[PDB]
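This document opens with one chain alone, in structure tokens, the form deposited in one PDB entry.
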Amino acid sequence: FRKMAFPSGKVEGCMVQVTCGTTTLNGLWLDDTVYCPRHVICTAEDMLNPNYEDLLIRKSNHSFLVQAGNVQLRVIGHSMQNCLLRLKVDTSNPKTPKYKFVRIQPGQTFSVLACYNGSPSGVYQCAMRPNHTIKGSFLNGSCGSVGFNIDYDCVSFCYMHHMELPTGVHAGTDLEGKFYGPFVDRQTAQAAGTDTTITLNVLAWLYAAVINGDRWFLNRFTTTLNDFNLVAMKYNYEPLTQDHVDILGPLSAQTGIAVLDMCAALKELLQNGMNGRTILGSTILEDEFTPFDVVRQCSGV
């Protein structure tokens, strides 16, 4: 059961390279606006304690060079929106797909189109961690790469990369320039807090297993929500809330397995392990597939 990324073409046609002085990163070109991390105007030293409004004042439209493939896009306006720099260009992107900007919740997944200087390099699937960071792969020059989900013909952009954290983990913002987590675009001592396993997703994944005929772990018992959390939280799992139970409703109905009964199976797996067995071919409980990813991938259409 592979984790798949969404087809990246629609986002590929929106990536450009933005350069301010000696700094270069990626930008997202939708209609006549290019969005990129505001720190593109910062040098490393400015990162110590930047006065963005002040730094942006000393910049003019000509301060930004925007390249779309072999084409230089003329910048005719700039401004800041939270942690994002917005650059108006004289040409509306002919490849602009139907889109939306959305702020994702911890635990939810999305695809990331890793780019290097405006040029798409690879695509992978990942999840927003409960601690608000993402475990990804961003080499030199990937800042500005974006995360997204596609629904039908609509691209829902939900993430833009800004920083690498001491852990080698990453931090960034939604497309309104608002950081996920307490993080900030400047050099501070900030670090990711302890993370937990995304219980909602592990349960989703166990439903996926059952849907695919791998069900040796099911049992004849059930559990109270509170009794489940009492055990699971001991194994560093996120507490399961009533809202999470409701979110698993469709999967519960499709399989005829009440959520608390699936919780009893999970409790047993955590307390007794798998005993050499595997689930969906895995020897480990997967936590980066959401209930929606399962429905999407098992109900295809």
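We number the residues from 1 along the sequence you see.
There is another form of the same protein, the form solved in complex with a partner chain; it is not shown, and what comes next is about it.
Asker: Tell me which of 216-224, 86-94, 186-194, 199-207 has residues with heavy atoms within 4.5 angstroms of its partner chain in the entry with it bound?
Answerer: The contacting stretch here is 186-194.
Asker: With the partner absent here, would 60, 143 and 166 each sit within 4.5 Å of its partner chain in the entry with it bound, counting heavy atoms only?
Answerer: Checked in the entry with it bound: all three residues contact its partner chain.
Asker: If you check 65, 56, 47, 258 against its partner chain in the entry with it bound, which one has a heavy atom within 4.5 Å?
Answerer: Checking each option against its partner chain in the entry with it bound, the one that comes within 4.5 Å is 47.
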